[PDB]
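A.B. asks: This is the content of coords24.tsv (TSV, C-alpha atoms):
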```tsv
chain	number	residue	atom	x	y	z
E	257	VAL	CA	0.00	0.00	0.00
E	258	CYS	CA	1.38	3.38	-1.10
E	259	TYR	CA	0.23	6.06	1.36
E	260	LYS	CA	1.34	9.67	1.01
E	261	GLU	CA	1.30	10.67	4.73
E	262	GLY	CA	-0.48	13.78	3.41
E	263	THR	CA	-4.24	13.55	2.82
E	264	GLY	CA	-3.87	9.81	3.30
E	265	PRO	CA	-2.68	7.78	0.31
E	266	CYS	CA	-1.19	8.76	-3.03
E	267	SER	CA	-3.12	8.63	-6.30
E	268	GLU	CA	-3.32	5.63	-8.62
E	269	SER	CA	-1.30	7.28	-11.40
E	270	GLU	CA	1.56	7.88	-8.95
E	271	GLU	CA	1.39	4.37	-7.48
E	272	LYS	CA	1.12	2.87	-10.97
E	273	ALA	CA	4.43	4.61	-11.67
E	274	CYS	CA	5.59	3.93	-8.09
E	275	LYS	CA	5.67	0.19	-8.80
E	276	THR	CA	8.09	1.07	-11.63
E	277	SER	CA	9.88	4.01	-9.96
E	278	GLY	CA	12.17	4.01	-6.95
E	279	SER	CA	11.65	7.65	-6.04
E	280	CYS	CA	8.49	6.53	-4.23
E	281	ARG	CA	9.86	5.68	-0.79
E	282	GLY	CA	8.54	2.77	1.23
E	283	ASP	CA	8.89	0.61	4.29
E	284	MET	CA	10.88	-2.59	4.73
E	285	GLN	CA	10.92	-5.15	1.86
E	286	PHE	CA	9.75	-2.51	-0.63
E	287	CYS	CA	13.43	-1.58	-0.97
E	288	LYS	CA	15.06	-5.01	-0.53
E	289	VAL	CA	13.56	-6.48	-3.71
E	290	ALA	CA	10.92	-4.00	-4.90
E	291	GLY	CA	13.80	-1.54	-5.20
E	292	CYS	CA	13.48	1.87	-3.59
E	293	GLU	CA	15.92	4.37	-5.08
E	294	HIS	CA	16.33	6.06	-1.67
E	295	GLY	CA	16.06	9.70	-2.67
E	296	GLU	CA	16.85	12.46	-0.19
E	297	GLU	CA	13.42	14.09	-0.26
E	298	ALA	CA	13.64	15.39	3.30
E	299	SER	CA	10.85	17.85	2.40
E	300	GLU	CA	7.62	16.20	1.18
E	301	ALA	CA	8.90	12.71	0.47
E	302	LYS	CA	6.99	10.56	-2.01
E	303	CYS	CA	4.09	8.33	-0.97
E	304	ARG	CA	5.21	5.39	1.17
E	305	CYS	CA	4.58	1.98	-0.41
E	306	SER	CA	4.37	-0.14	2.73
E	307	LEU	CA	3.04	-3.41	4.11
```
Show me the file's structure as structure tokens.
C.D. replies:
Amino acid sequence: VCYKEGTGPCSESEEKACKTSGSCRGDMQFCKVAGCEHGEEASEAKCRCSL
């Protein structure tokens, strides 16, 4: 589940790209194999694809 932490979750078009992008941050195991790119978006990070 990709939730934005702002106004709840992030939109489908983002999360459709989020499954192909790594800029969308996430919790554990979304970066081990699902491949987060670990961007330094300290201000307004992308929607968190989590468990």
A.B. asks: Quick one: of E:305, E:262, E:300, E:269, who's nearest to residue E:283, counting only C-alpha atoms?
C.D. replies: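 Between E:305, E:262, E:300, E:269, the residue approaching residue E:283 most closely is E:305.
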A.B. asks: Would you list the contacts of residue E:280 as a PyMOL selection string, taking every protein, DNA or RNA residue within 8 Å and counting only C-alpha atoms, but skipping same-chain residues closer than 4 positions in sequence?
C.D. replies: chain E and resi 274+292-293+301-305
A.B. asks: E:287, E:271, E:295, E:276: which is nearest residue E:257, counting all atoms listed in the file?
C.D. replies: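 Distance minimum relative to residue E:257 lands on E:271.
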A.B. asks: For the atom pair atom CA of residue E:290 and atom CA of residue E:277, what is the interatomic distance in Å to one decimal place?
C.D. replies: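 Going from atom CA of residue E:290 over to atom CA of residue E:277, I get 9.5 Å.
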A.B. asks: Taking into account all atoms listed in the file, which residue in the set E:258, E:279, E:288, E:268 is nearest to residue E:306?
C.D. replies: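 Selected residue with least distance to residue E:306: E:258.
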A.B. asks: If we count only C-alpha atoms, what is near residue E:289 at a cut-off of 12 Å, once residues fewer than 6 positions away on the same chain are taken out, given as a list in words?
C.D. replies: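 Near residue E:289, the qualifying residues are residues 275, 278, 282 and 283 of chain E.
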A.B. asks: Select, from E:291, E:296, E:307, E:285, the residue with the minimum atom-to-atom distance to residue E:259, counting all atoms listed in the file.
C.D. replies: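 Closest residue, counting all atoms listed in the file: E:307.
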